[PDB]
Amino acid sequence: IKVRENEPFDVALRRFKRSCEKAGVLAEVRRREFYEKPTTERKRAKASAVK
Amino acid sequence: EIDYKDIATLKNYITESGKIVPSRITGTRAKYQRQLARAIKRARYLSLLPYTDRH
Amino acid sequence: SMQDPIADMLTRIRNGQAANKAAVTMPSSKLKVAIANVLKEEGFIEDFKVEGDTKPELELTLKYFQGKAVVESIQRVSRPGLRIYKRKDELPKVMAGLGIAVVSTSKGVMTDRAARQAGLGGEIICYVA
Amino acid sequence: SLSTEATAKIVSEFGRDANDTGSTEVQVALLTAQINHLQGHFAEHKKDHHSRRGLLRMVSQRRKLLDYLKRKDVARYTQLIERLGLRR
Amino acid sequence: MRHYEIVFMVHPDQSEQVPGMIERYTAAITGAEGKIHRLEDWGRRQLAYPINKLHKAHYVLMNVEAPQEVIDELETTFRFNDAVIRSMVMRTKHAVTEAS
RNA sequence: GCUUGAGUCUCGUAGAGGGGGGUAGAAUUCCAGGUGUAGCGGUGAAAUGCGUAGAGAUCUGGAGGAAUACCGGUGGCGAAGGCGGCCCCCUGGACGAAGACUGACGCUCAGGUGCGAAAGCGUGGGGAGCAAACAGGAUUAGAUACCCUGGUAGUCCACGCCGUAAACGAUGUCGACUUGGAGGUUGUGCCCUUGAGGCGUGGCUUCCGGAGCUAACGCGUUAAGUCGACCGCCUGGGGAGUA
Ligand SMILES: [Mg+2]
Ligand SMILES: [Mg+2]
Ligand SMILES: [Mg+2]
Ligand SMILES: [Mg+2]
Ligand SMILES: [Mg+2]
Ligand SMILES: [Mg+2]
Ligand SMILES: [Mg+2]
Ligand SMILES: [Mg+2]
Ligand SMILES: [Mg+2]
Ligand SMILES: [Mg+2]
Ligand SMILES: [Mg+2]
Ligand SMILES: [Mg+2]
Ligand SMILES: [Mg+2]
Ligand SMILES: [Mg+2]
């Protein structure tokens with residue numbers, strides 16, 4: 001979220017943003033409510049994540 | 001874990017952001033990941049820990 | 001719910017058998033015994049055994065001939081829901097003679113072969129071949 | 001769910017010695033006790049439909065145990081409902 | 001008799017009323033023959049986020065054994081009382097000592 | 001009469017089980033103000049819409065309603081419906097460890113009764129966001145749509161109606177019996193606690209898989225296997241869950 005990054009380097013170095021926010025909870029909340037269908041959606045996040 | 005007052009042991013179960021850390025990272029047991037959260041929550045309510053890095 | 005003990009026998013056998021299991025136990029009773037008898041007598045099991053006083057416990061030894069088991073089919077015939085009673089002239093004869101039908105008469109728990117000889121009838125407990 | 005204190009007191013009050021915990025008479029009173037208590041719980045609230053199931057349960061139970069006793073010792077039975085105060 | 005953890009936070013300006021407060025809540029609980037198994041005047045501590053505006057605030061940990069009644073009034077007086085900007089009476093499960 | 005079925009008692013354990021009251025932070029909308037200046041917003045592209053009465057953007061202080069990120073999980077709880085911030089109060093069930101009481105007090109259940117998602121109805125309240133209706137803007141041959149700008153009921157609370165869902169595991173309840181393997185969860189006994197453990201012994205659950213079963217698909221000790229007790233229900237499609 002935050003980066004100090006003091007002296008030597010003009011490279012952004014903010015790969016932290018790909019560690020939480022962004023398309024994370026922000027693609028999530030962006031649209032169709034869901035409500036019970038995430039249930040189904042996450043039942044593939046495990047019907048897959050078994051192997 | 002054993003308590004919310006343990007902001008010490010506690011502070012190594014949350015990200016910079018303040019967000020609780022999944023059990024799949026901590027390798028924490030089950031029973032305890034709950035004891036943990038329920039104490040981090042408590043710590044959050046009692047201004048003993050931020051909900052947010054906004055503060 | 002344990003409302004038919006005899007089927008629980010007929011079946012503890014049936015299963016244990018199909019599971020090529022040597023032994024088999026269960027809570028006993030006079031009625032269980034008298035049948036284990038006919039099963040031994042007529043030779044569908046090695047021998048029975050009741051071990052205990054407070055809470056008696058039928059124990060049966062299963063026979064196996066070739067690879068197969070000796071009991072090809074054990075089936076209840078009477079039962080709580082629907083009881084059966086054949087006279088003497090109407091007693092059944094399983095597998096055309098081969099195998100047998102347990103039956104309880106006023107003179108004890110016999111086979112069809114028996115009860116026919118005994119000249120009387122009873123409740124046909126179950127079939128066994 | 002009914003103090004160890006009170007629960008004990010009733011065993012003591014209905015069965016033989018304490019320890020005669022499962023005496024017909026004693027269960028009936030032990031339930032009775034809880035049932036009645038519960039009336040004030042469901043007075044307030046009323047919407048507590050789930051917990052209500054447990055209470056009805058309580059009564060299906062007692063009602064069954066009471067029926068049993070009556071078949072056994074109607075004397076013990078009569079005494080019991082006079083003593084608890086139910087049937088009307 | 002039930003235990004509770006309990007801990008409130010007094011507004012800085014109203015710090016000086018903390019001694020009397022504890023004095024009071026104690027005499028209130030002991031009053032109904034309830035034990036007082038811990039007490040810890042954590043004093044002005046700094047806050048994780050600001051709250052009611054204003055940072056830092058006086059803390060008071062205090063484990064107790066008392067009837068579910070004096071516990072009630074306590075919870076309310078924490079409302080009646082503006083000076084207390086948070087409180088939280090907790091769990092139970094037997095007394096406790098020292099920790100922190 | 002019996003004690004194993006079933007009950008009761010002691011102690012604990014886990015839990016989004018139920019009901020009530022408090023309370024928190026993040027966001028959104030809105031009100032007031034600082035700064036700031038001509039665009040914002042929206043789409044596939046647009047337009048309606050919003051902004052020179054200063055919008056959007058940014059900072060600050062407020063108000064209100066709604067839902068509770070992370071934890072979070074083939075995790076958990078309940079009879080089904082369904083139940084996710086945190087705290088207290090009230091309360092149901094479940095489970096486990098010892099023994100102790102009761103002594104078949106059980107199982108199932110037409111009728112009956114209770115419960116029962118969302119939408120819907122009645123009275124008051126409440127109303128941020130969403131959104132049937134409806135209005136506008138597009139698209140299209142047409143566009144009563146999908147898209148966009150708006151937006152009412154409703155979605156929220158109390159009280160009371162309604163009683164239905166693909167209310168599904170499309171698998172009634174209970175009981176006994178029948179090879180295994182890898183997990184998740186949650187109790188409990190023992191072990192130089194000498195390990196973040198070692199071996200056991202329960203309840204629950206996910207995935208495979210054996211016999212067996214199956215039209216096949218598949219199920220497979222949580223059976224759709226082997227058996228019993230009771231209940232519900234089916235009897236070609238349409239007509240009709242209608243008259
Ligand atoms: Mg009999
Ligand atoms: Mg805000
Ligand atoms: Mg603001
Ligand atoms: Mg409970
Ligand atoms: Mg109803
Ligand atoms: Mg509704
Ligand atoms: Mg209404
Ligand atoms: Mg619209
Ligand atoms: Mg229907
Ligand atoms: Mg379903
Ligand atoms: Mg297995
Ligand atoms: Mg399988
Ligand atoms: Mg079956
Ligand atoms: Mg009709």
# chains A, B, ... in the order shown; residues from 1 in each chain; ligands from 1
>>> residues_around(residues="residue 12 in chain E", least_positions_apart="2", cutoff="6 Å", atoms="only C-alpha atoms (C1' of nucleotides)", output="PyMOL selection string")
chain E and resi 14-15+57
>>> write_last_selection(atoms="C-alpha atoms", output="PDB file, in the first residue's frame")
ATOM      1  CA  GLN E  14     -11.045  13.748  32.185  1.00  0.00           C
ATOM      2  CA  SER E  15      -7.977  11.745  33.251  1.00  0.00           C
ATOM      3  CA  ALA E  57      -6.135   8.008  25.916  1.00  0.00           C
TER       4      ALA E  57
END
>>> residues_near_ligand(ligand="ligand 7", cutoff="9 Å", atoms="only C-alpha atoms (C1' of nucleotides) and all ligand atoms", output="count of residues only")
4
>>> residues_around(residues="residue 6 in chain E", least_positions_apart="2", cutoff="12 Å", atoms="only C-alpha atoms (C1' of nucleotides)", output="PDB file with N, CA, C and O atoms (P, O5', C5', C4', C3', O3' and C1' of nucleotides), in the first residue's frame")
ATOM      1  N   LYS B   5      -4.605  -8.611  24.463  1.00  0.00           N
ATOM      2  CA  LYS B   5      -3.652  -7.685  25.093  1.00  0.00           C
ATOM      3  C   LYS B   5      -2.226  -7.947  24.628  1.00  0.00           C
ATOM      4  O   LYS B   5      -1.318  -7.140  24.862  1.00  0.00           O
ATOM      5  N   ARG B  42     -10.703  -7.883  18.766  1.00  0.00           N
ATOM      6  CA  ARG B  42     -10.767  -7.228  20.056  1.00  0.00           C
ATOM      7  C   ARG B  42      -9.730  -6.102  20.131  1.00  0.00           C
ATOM      8  O   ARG B  42     -10.039  -4.987  20.558  1.00  0.00           O
ATOM      9  N   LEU B  46     -10.420  -1.959  20.580  1.00  0.00           N
ATOM     10  CA  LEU B  46      -9.849  -1.210  21.689  1.00  0.00           C
ATOM     11  C   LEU B  46      -8.666  -0.340  21.245  1.00  0.00           C
ATOM     12  O   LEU B  46      -7.706  -0.161  21.995  1.00  0.00           O
TER      13      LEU B  46
ATOM     14  N   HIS E   3     -17.039 -14.059  36.304  1.00  0.00           N
ATOM     15  CA  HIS E   3     -15.915 -13.154  36.080  1.00  0.00           C
ATOM     16  C   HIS E   3     -16.110 -12.373  34.786  1.00  0.00           C
ATOM     17  O   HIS E   3     -16.886 -12.781  33.936  1.00  0.00           O
ATOM     18  N   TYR E   4     -15.412 -11.252  34.639  1.00  0.00           N
ATOM     19  CA  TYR E   4     -15.345 -10.541  33.357  1.00  0.00           C
ATOM     20  C   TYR E   4     -13.995  -9.845  33.249  1.00  0.00           C
ATOM     21  O   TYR E   4     -13.427  -9.458  34.273  1.00  0.00           O
ATOM     22  N   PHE E   8     -11.860  -0.056  30.019  1.00  0.00           N
ATOM     23  CA  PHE E   8     -12.429   1.152  29.464  1.00  0.00           C
ATOM     24  C   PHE E   8     -11.330   2.140  29.153  1.00  0.00           C
ATOM     25  O   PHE E   8     -10.187   1.963  29.577  1.00  0.00           O
ATOM     26  N   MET E   9     -11.684   3.185  28.413  1.00  0.00           N
ATOM     27  CA  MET E   9     -10.735   4.237  28.076  1.00  0.00           C
ATOM     28  C   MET E   9     -11.335   5.614  28.327  1.00  0.00           C
ATOM     29  O   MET E   9     -12.288   6.028  27.670  1.00  0.00           O
ATOM     30  N   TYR E  25     -16.219   2.197  41.022  1.00  0.00           N
ATOM     31  CA  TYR E  25     -16.598   0.915  40.426  1.00  0.00           C
ATOM     32  C   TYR E  25     -16.211  -0.259  41.325  1.00  0.00           C
ATOM     33  O   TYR E  25     -16.837  -1.319  41.286  1.00  0.00           O
ATOM     34  N   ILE E  36     -12.249  -8.787  43.190  1.00  0.00           N
ATOM     35  CA  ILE E  36     -11.644  -7.858  42.241  1.00  0.00           C
ATOM     36  C   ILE E  36     -10.256  -8.381  41.876  1.00  0.00           C
ATOM     37  O   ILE E  36      -9.245  -7.920  42.399  1.00  0.00           O
ATOM     38  N   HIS E  37     -10.217  -9.347  40.966  1.00  0.00           N
ATOM     39  CA  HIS E  37      -9.013 -10.145  40.743  1.00  0.00           C
ATOM     40  C   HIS E  37      -7.899  -9.500  39.920  1.00  0.00           C
ATOM     41  O   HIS E  37      -6.865 -10.124  39.696  1.00  0.00           O
ATOM     42  N   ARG E  38      -8.098  -8.272  39.457  1.00  0.00           N
ATOM     43  CA  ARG E  38      -7.011  -7.535  38.818  1.00  0.00           C
ATOM     44  C   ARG E  38      -7.380  -6.075  38.545  1.00  0.00           C
ATOM     45  O   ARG E  38      -8.552  -5.697  38.541  1.00  0.00           O
ATOM     46  N   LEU E  39      -6.362  -5.256  38.314  1.00  0.00           N
ATOM     47  CA  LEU E  39      -6.544  -3.820  38.207  1.00  0.00           C
ATOM     48  C   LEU E  39      -5.235  -3.270  37.659  1.00  0.00           C
ATOM     49  O   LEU E  39      -4.153  -3.675  38.100  1.00  0.00           O
ATOM     50  N   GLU E  40      -5.314  -2.383  36.674  1.00  0.00           N
ATOM     51  CA  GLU E  40      -4.100  -1.905  36.016  1.00  0.00           C
ATOM     52  C   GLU E  40      -4.274  -0.553  35.325  1.00  0.00           C
ATOM     53  O   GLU E  40      -4.725  -0.480  34.185  1.00  0.00           O
ATOM     54  N   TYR E  59      -6.112   4.362  29.835  1.00  0.00           N
ATOM     55  CA  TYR E  59      -6.638   2.994  29.829  1.00  0.00           C
ATOM     56  C   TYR E  59      -6.780   2.411  31.233  1.00  0.00           C
ATOM     57  O   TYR E  59      -6.050   2.792  32.148  1.00  0.00           O
ATOM     58  N   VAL E  60      -7.695   1.461  31.393  1.00  0.00           N
ATOM     59  CA  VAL E  60      -7.874   0.806  32.686  1.00  0.00           C
ATOM     60  C   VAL E  60      -8.338  -0.640  32.525  1.00  0.00           C
ATOM     61  O   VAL E  60      -9.505  -0.911  32.249  1.00  0.00           O
ATOM     62  N   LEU E  61      -7.407  -1.570  32.693  1.00  0.00           N
ATOM     63  CA  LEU E  61      -7.737  -2.988  32.694  1.00  0.00           C
ATOM     64  C   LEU E  61      -8.235  -3.355  34.098  1.00  0.00           C
ATOM     65  O   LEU E  61      -7.866  -2.698  35.076  1.00  0.00           O
ATOM     66  N   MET E  62      -9.073  -4.384  34.216  1.00  0.00           N
ATOM     67  CA  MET E  62      -9.684  -4.669  35.509  1.00  0.00           C
ATOM     68  C   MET E  62     -10.564  -5.912  35.505  1.00  0.00           C
ATOM     69  O   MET E  62     -11.754  -5.826  35.189  1.00  0.00           O
ATOM     70  N   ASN E  63      -9.987  -7.049  35.897  1.00  0.00           N
ATOM     71  CA  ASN E  63     -10.717  -8.311  35.994  1.00  0.00           C
ATOM     72  C   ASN E  63     -11.472  -8.420  37.313  1.00  0.00           C
ATOM     73  O   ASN E  63     -10.969  -8.045  38.371  1.00  0.00           O
ATOM     74  N   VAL E  64     -12.678  -8.959  37.253  1.00  0.00           N
ATOM     75  CA  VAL E  64     -13.587  -8.855  38.376  1.00  0.00           C
ATOM     76  C   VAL E  64     -14.422 -10.119  38.472  1.00  0.00           C
ATOM     77  O   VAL E  64     -14.562 -10.860  37.501  1.00  0.00           O
ATOM     78  N   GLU E  65     -14.942 -10.382  39.663  1.00  0.00           N
ATOM     79  CA  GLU E  65     -15.948 -11.412  39.835  1.00  0.00           C
ATOM     80  C   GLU E  65     -17.133 -10.790  40.560  1.00  0.00           C
ATOM     81  O   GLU E  65     -17.003 -10.304  41.688  1.00  0.00           O
ATOM     82  N   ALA E  66     -18.283 -10.799  39.893  1.00  0.00           N
ATOM     83  CA  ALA E  66     -19.455 -10.056  40.350  1.00  0.00           C
ATOM     84  C   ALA E  66     -20.730 -10.569  39.671  1.00  0.00           C
ATOM     85  O   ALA E  66     -20.675 -11.176  38.594  1.00  0.00           O
ATOM     86  N   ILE E  71     -22.690  -5.708  36.929  1.00  0.00           N
ATOM     87  CA  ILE E  71     -22.055  -5.669  35.619  1.00  0.00           C
ATOM     88  C   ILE E  71     -22.887  -4.818  34.661  1.00  0.00           C
ATOM     89  O   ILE E  71     -22.347  -4.041  33.860  1.00  0.00           O
ATOM     90  N   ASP E  72     -24.206  -4.968  34.755  1.00  0.00           N
ATOM     91  CA  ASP E  72     -25.136  -4.208  33.931  1.00  0.00           C
ATOM     92  C   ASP E  72     -24.900  -2.720  34.146  1.00  0.00           C
ATOM     93  O   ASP E  72     -24.355  -2.037  33.278  1.00  0.00           O
ATOM     94  N   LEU E  74     -22.810  -1.072  35.315  1.00  0.00           N
ATOM     95  CA  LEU E  74     -21.499  -0.620  34.899  1.00  0.00           C
ATOM     96  C   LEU E  74     -21.548  -0.237  33.426  1.00  0.00           C
ATOM     97  O   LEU E  74     -21.136   0.864  33.032  1.00  0.00           O
ATOM     98  N   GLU E  75     -22.066  -1.154  32.618  1.00  0.00           N
ATOM     99  CA  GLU E  75     -22.106  -0.973  31.177  1.00  0.00           C
ATOM    100  C   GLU E  75     -22.835   0.313  30.819  1.00  0.00           C
ATOM    101  O   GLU E  75     -22.397   1.059  29.940  1.00  0.00           O
ATOM    102  N   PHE E  78     -21.112   3.634  31.780  1.00  0.00           N
ATOM    103  CA  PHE E  78     -20.103   3.880  30.748  1.00  0.00           C
ATOM    104  C   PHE E  78     -20.695   4.674  29.578  1.00  0.00           C
ATOM    105  O   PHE E  78     -19.960   5.269  28.789  1.00  0.00           O
ATOM    106  N   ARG E  86     -14.492   4.568  25.229  1.00  0.00           N
ATOM    107  CA  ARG E  86     -14.738   3.155  24.907  1.00  0.00           C
ATOM    108  C   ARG E  86     -14.722   2.307  26.155  1.00  0.00           C
ATOM    109  O   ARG E  86     -14.054   2.632  27.138  1.00  0.00           O
ATOM    110  N   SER E  87     -15.434   1.195  26.089  1.00  0.00           N
ATOM    111  CA  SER E  87     -15.352   0.180  27.121  1.00  0.00           C
ATOM    112  C   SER E  87     -15.667  -1.137  26.459  1.00  0.00           C
ATOM    113  O   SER E  87     -16.062  -1.185  25.290  1.00  0.00           O
ATOM    114  N   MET E  88     -15.464  -2.210  27.205  1.00  0.00           N
ATOM    115  CA  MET E  88     -15.739  -3.540  26.706  1.00  0.00           C
ATOM    116  C   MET E  88     -15.589  -4.553  27.827  1.00  0.00           C
ATOM    117  O   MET E  88     -14.471  -4.875  28.221  1.00  0.00           O
ATOM    118  N   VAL E  89     -16.716  -5.025  28.357  1.00  0.00           N
ATOM    119  CA  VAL E  89     -16.712  -6.082  29.360  1.00  0.00           C
ATOM    120  C   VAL E  89     -16.793  -7.415  28.626  1.00  0.00           C
ATOM    121  O   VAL E  89     -17.632  -7.601  27.736  1.00  0.00           O
ATOM    122  N   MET E  90     -15.902  -8.332  29.004  1.00  0.00           N
ATOM    123  CA  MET E  90     -15.598  -9.489  28.181  1.00  0.00           C
ATOM    124  C   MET E  90     -15.813 -10.829  28.866  1.00  0.00           C
ATOM    125  O   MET E  90     -16.259 -10.911  30.011  1.00  0.00           O
ATOM    126  N   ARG E  91     -15.500 -11.870  28.104  1.00  0.00           N
ATOM    127  CA  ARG E  91     -15.493 -13.260  28.545  1.00  0.00           C
ATOM    128  C   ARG E  91     -15.836 -13.501  30.012  1.00  0.00           C
ATOM    129  O   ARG E  91     -16.960 -13.216  30.444  1.00  0.00           O
ATOM    130  N   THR E  92     -14.856 -14.024  30.759  1.00  0.00           N
ATOM    131  CA  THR E  92     -15.057 -14.649  32.076  1.00  0.00           C
ATOM    132  C   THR E  92     -14.048 -15.809  32.195  1.00  0.00           C
ATOM    133  O   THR E  92     -12.844 -15.586  32.067  1.00  0.00           O
ATOM    134  N   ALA E  95     -10.829 -16.269  37.276  1.00  0.00           N
ATOM    135  CA  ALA E  95     -10.038 -15.053  37.440  1.00  0.00           C
ATOM    136  C   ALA E  95      -8.711 -15.100  36.675  1.00  0.00           C
ATOM    137  O   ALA E  95      -8.390 -16.094  36.019  1.00  0.00           O
ATOM    138  N   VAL E  96      -7.963 -14.001  36.763  1.00  0.00           N
ATOM    139  CA  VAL E  96      -6.661 -13.865  36.114  1.00  0.00           C
ATOM    140  C   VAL E  96      -5.829 -12.822  36.862  1.00  0.00           C
ATOM    141  O   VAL E  96      -6.393 -11.907  37.477  1.00  0.00           O
TER     142      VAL E  96
ATOM    143  P     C F  87     -16.673 -10.983  20.547  1.00  0.00           P
ATOM    144  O5'   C F  87     -17.399 -10.277  21.778  1.00  0.00           O
ATOM    145  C5'   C F  87     -16.640  -9.451  22.649  1.00  0.00           C
ATOM    146  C4'   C F  87     -17.482  -8.490  23.452  1.00  0.00           C
ATOM    147  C3'   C F  87     -18.632  -9.094  24.240  1.00  0.00           C
ATOM    148  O3'   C F  87     -18.203  -9.744  25.429  1.00  0.00           O
ATOM    149  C1'   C F  87     -19.380  -7.147  23.134  1.00  0.00           C
ATOM    150  P     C F  88     -18.827 -11.159  25.877  1.00  0.00           P
ATOM    151  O5'   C F  88     -20.094 -10.756  26.752  1.00  0.00           O
ATOM    152  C5'   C F  88     -19.933  -9.926  27.892  1.00  0.00           C
ATOM    153  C4'   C F  88     -21.229  -9.275  28.301  1.00  0.00           C
ATOM    154  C3'   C F  88     -22.411 -10.212  28.492  1.00  0.00           C
ATOM    155  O3'   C F  88     -22.383 -10.876  29.746  1.00  0.00           O
ATOM    156  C1'   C F  88     -23.076  -8.391  27.160  1.00  0.00           C
TER     157        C F  88
END
>>> closest_atom_pairs(of="chain F", to="ligand 3", cutoff="12 Å", atoms="only C-alpha atoms (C1' of nucleotides) and all ligand atoms", output="Markdown table")
| residue | atom | partner | partner_atom_place_in_ligand_line | distance |
| --- | --- | --- | --- | --- |
| F:27 | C1' | ligand 3 | 1 (Mg) | 11.7 |
| F:28 | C1' | ligand 3 | 1 (Mg) | 11.5 |
| F:29 | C1' | ligand 3 | 1 (Mg) | 11.4 |
| F:30 | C1' | ligand 3 | 1 (Mg) | 10.4 |
| F:31 | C1' | ligand 3 | 1 (Mg) | 10.4 |
| F:32 | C1' | ligand 3 | 1 (Mg) | 10.4 |
| F:33 | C1' | ligand 3 | 1 (Mg) | 10.7 |
| F:58 | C1' | ligand 3 | 1 (Mg) | 11.2 |
| F:59 | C1' | ligand 3 | 1 (Mg) | 8.6 |
| F:60 | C1' | ligand 3 | 1 (Mg) | 6.9 |
| F:61 | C1' | ligand 3 | 1 (Mg) | 7.3 |
| F:62 | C1' | ligand 3 | 1 (Mg) | 8.0 |
| F:63 | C1' | ligand 3 | 1 (Mg) | 10.8 |
>>> closest_residue(among="A:31, A:4, A:14, A:37", to="ligand 10", atoms="only C-alpha atoms and all ligand atoms")
A:37
>>> residues_near_ligand(ligand="ligand 4", cutoff="10 Å", atoms="only C-alpha atoms (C1' of nucleotides) and all ligand atoms", output="list in words")
residues 1 of chain D; 15, 17, 91, 92, 93 and 94 of chain F
>>> select_by_dssp(residues="chain C", states="helix (DSSP H, G or I)", output="ChimeraX atom specification")
/C:5-18,30-41,112-118
>>> residues_near_ligand(ligand="ligand 9", cutoff="10 Å", atoms="only C-alpha atoms (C1' of nucleotides) and all ligand atoms", output="MDAnalysis selection string")
chainID F and resid 164:165 167 241
>>> write_last_selection(atoms="C-alpha atoms (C1' of nucleotides)", output="PDB file, in the first residue's frame")
ATOM      1  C1'   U F 164     -44.653 -21.349  -1.622  1.00  0.00           C
ATOM      2  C1'   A F 165     -38.902 -22.402  -4.406  1.00  0.00           C
ATOM      3  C1'   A F 167     -37.820 -25.645  -0.262  1.00  0.00           C
ATOM      4  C1'   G F 241     -51.423 -29.672 -10.510  1.00  0.00           C
TER       5        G F 241
END
>>> residues_near_ligand(ligand="ligand 1", cutoff="9 Å", atoms="only C-alpha atoms (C1' of nucleotides) and all ligand atoms", output="PyMOL selection string")
chain C and resi 3-6+29+31
>>> residues_near_ligand(ligand="ligand 13", cutoff="12 Å", atoms="only C-alpha atoms (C1' of nucleotides) and all ligand atoms", output="NGL selection string")
:F and (171-177 or 213 or 219 or 221 or 223-228)
>>> interface_residues(of="chain F", to="chain E", cutoff="12 Å", atoms="only C-alpha atoms (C1' of nucleotides)", output="PyMOL selection string")
chain F and resi 21-25+61+86-90
>>> residues_near_ligand(ligand="ligand 8", cutoff="9 Å", atoms="only C-alpha atoms (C1' of nucleotides) and all ligand atoms", output="list in words")
residues 131, 148, 149, 150 and 151 of chain F
>>> residues_near_ligand(ligand="ligand 6", cutoff="10 Å", atoms="only C-alpha atoms (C1' of nucleotides) and all ligand atoms", output="count of residues only")
7
>>> residues_near_ligand(ligand="ligand 14", cutoff="10 Å", atoms="only C-alpha atoms (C1' of nucleotides) and all ligand atoms", output="ChimeraX atom specification")
/F:240-243
>>> closest_residue(among="E:47, E:83, E:7, E:27", to="chain B", atoms="only C-alpha atoms")
E:47
>>> residues_near_ligand(ligand="ligand 12", cutoff="10 Å", atoms="only C-alpha atoms (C1' of nucleotides) and all ligand atoms", output="PDB file with N, CA, C and O atoms (P, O5', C5', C4', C3', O3' and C1' of nucleotides), in the first residue's frame")
ATOM      1  P     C F 207     -16.945 -34.859  -1.723  1.00  0.00           P
ATOM      2  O5'   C F 207     -15.584 -35.419  -2.333  1.00  0.00           O
ATOM      3  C5'   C F 207     -14.495 -34.549  -2.630  1.00  0.00           C
ATOM      4  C4'   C F 207     -13.260 -35.322  -3.006  1.00  0.00           C
ATOM      5  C3'   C F 207     -13.521 -36.650  -3.693  1.00  0.00           C
ATOM      6  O3'   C F 207     -13.771 -36.493  -5.076  1.00  0.00           O
ATOM      7  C1'   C F 207     -11.946 -36.960  -1.958  1.00  0.00           C
ATOM      8  P     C F 208     -14.195 -37.758  -5.965  1.00  0.00           P
ATOM      9  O5'   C F 208     -12.825 -38.548  -6.133  1.00  0.00           O
ATOM     10  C5'   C F 208     -12.828 -39.915  -6.509  1.00  0.00           C
ATOM     11  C4'   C F 208     -11.628 -40.658  -5.979  1.00  0.00           C
ATOM     12  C3'   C F 208     -11.751 -42.163  -6.033  1.00  0.00           C
ATOM     13  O3'   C F 208     -11.552 -42.665  -7.328  1.00  0.00           O
ATOM     14  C1'   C F 208     -10.916 -41.548  -3.931  1.00  0.00           C
ATOM     15  P     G F 209     -12.794 -43.345  -8.062  1.00  0.00           P
ATOM     16  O5'   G F 209     -12.575 -44.897  -7.763  1.00  0.00           O
ATOM     17  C5'   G F 209     -11.264 -45.426  -7.596  1.00  0.00           C
ATOM     18  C4'   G F 209     -11.185 -46.394  -6.444  1.00  0.00           C
ATOM     19  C3'   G F 209     -12.251 -47.475  -6.416  1.00  0.00           C
ATOM     20  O3'   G F 209     -11.927 -48.552  -7.280  1.00  0.00           O
ATOM     21  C1'   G F 209     -12.002 -46.530  -4.249  1.00  0.00           C
ATOM     22  P     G F 218     -19.532 -41.663 -14.177  1.00  0.00           P
ATOM     23  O5'   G F 218     -20.435 -40.982 -13.062  1.00  0.00           O
ATOM     24  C5'   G F 218     -20.232 -41.238 -11.684  1.00  0.00           C
ATOM     25  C4'   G F 218     -21.530 -41.609 -11.028  1.00  0.00           C
ATOM     26  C3'   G F 218     -21.417 -42.077  -9.592  1.00  0.00           C
ATOM     27  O3'   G F 218     -21.482 -40.983  -8.707  1.00  0.00           O
ATOM     28  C1'   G F 218     -22.733 -43.611 -10.848  1.00  0.00           C
ATOM     29  P     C F 219     -20.533 -40.923  -7.423  1.00  0.00           P
ATOM     30  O5'   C F 219     -21.250 -41.880  -6.364  1.00  0.00           O
ATOM     31  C5'   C F 219     -22.537 -41.566  -5.871  1.00  0.00           C
ATOM     32  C4'   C F 219     -23.177 -42.723  -5.148  1.00  0.00           C
ATOM     33  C3'   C F 219     -22.398 -43.320  -3.994  1.00  0.00           C
ATOM     34  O3'   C F 219     -22.482 -42.542  -2.820  1.00  0.00           O
ATOM     35  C1'   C F 219     -23.283 -45.054  -5.326  1.00  0.00           C
ATOM     36  P     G F 220     -21.187 -42.326  -1.900  1.00  0.00           P
ATOM     37  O5'   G F 220     -20.696 -43.809  -1.599  1.00  0.00           O
ATOM     38  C5'   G F 220     -21.446 -44.640  -0.722  1.00  0.00           C
ATOM     39  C4'   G F 220     -21.025 -46.089  -0.799  1.00  0.00           C
ATOM     40  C3'   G F 220     -19.631 -46.408  -0.292  1.00  0.00           C
ATOM     41  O3'   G F 220     -19.558 -46.491   1.114  1.00  0.00           O
ATOM     42  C1'   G F 220     -19.925 -47.440  -2.371  1.00  0.00           C
TER      43        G F 220
END
>>> residues_around(residues="residue 49 in chain B", least_positions_apart="6", cutoff="8 Å", atoms="only C-alpha atoms (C1' of nucleotides)", output="list in words")
residues 7, 18, 40 and 43 of chain B; 47, 48 and 49 of chain E
>>> write_last_selection(atoms="N, CA, C and O atoms", output="compact mmCIF listing (two decimals), in the first residue's frame")
# COMPACT_ATOMS: atom_id res chain seq x y z
N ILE B 7 -0.64 -7.54 22.04
CA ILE B 7 -0.39 -6.84 20.78
C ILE B 7 0.97 -7.26 20.23
O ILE B 7 1.21 -7.20 19.02
N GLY B 18 -2.83 -4.09 7.85
CA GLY B 18 -3.56 -4.35 9.08
C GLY B 18 -4.46 -5.56 8.93
O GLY B 18 -5.02 -6.04 9.92
N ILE B 40 -7.52 -10.32 17.56
CA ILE B 40 -7.14 -9.18 16.72
C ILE B 40 -8.30 -8.20 16.58
O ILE B 40 -8.12 -6.98 16.53
N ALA B 43 -8.51 -6.39 19.70
CA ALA B 43 -7.44 -5.40 19.73
C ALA B 43 -7.79 -4.20 18.85
O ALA B 43 -7.41 -3.06 19.17
N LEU E 47 -2.94 5.87 20.77
CA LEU E 47 -3.97 5.08 20.09
C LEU E 47 -3.53 4.63 18.71
O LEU E 47 -2.82 5.36 18.01
N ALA E 48 -3.99 3.45 18.30
CA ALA E 48 -3.70 2.91 16.97
C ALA E 48 -4.25 3.79 15.83
O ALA E 48 -3.56 4.02 14.83
N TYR E 49 -5.49 4.24 15.96
CA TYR E 49 -6.06 5.23 15.03
C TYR E 49 -6.66 6.32 15.89
O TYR E 49 -6.92 6.09 17.07
